[PDB]
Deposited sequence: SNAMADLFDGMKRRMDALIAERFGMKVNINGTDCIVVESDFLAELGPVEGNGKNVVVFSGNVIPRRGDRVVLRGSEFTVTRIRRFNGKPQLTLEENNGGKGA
């Protein structure tokens, strides 16, 4: 019952925290700093947002690796924002 489900949830939570720790980048989205991971490591730059303190939007300017981008579209990747970014 819950046991199995509660276990699975914790494993998923720890699994994502590890991916973010290993490949995450520090990035600024609409004024808020957060961690993102390039889609290269998981699969017009593409990245999925791991921090839970931001809600990215189409329009938002994203500073990544010193360059400015614009979130042109937003998909889902296991419930996480997958952003399509375009140079400015």
Could you list, start to end, the deposited-sequence stretches with no C-alpha atoms?
44 to 51, 97 to 102
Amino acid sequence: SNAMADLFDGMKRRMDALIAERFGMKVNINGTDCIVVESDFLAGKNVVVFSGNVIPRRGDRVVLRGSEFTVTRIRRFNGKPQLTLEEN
From here on, numbers count along this sequence of modelled residues.
Determine, for stretches 72 to 80 and 15 to 23, which one has the higher mean CA B-factor as deposited.
72 to 80
Quick one: say whether 34 to 42 or 49 to 57 has the higher mean Cα B-factor in the deposited entry.
34 to 42
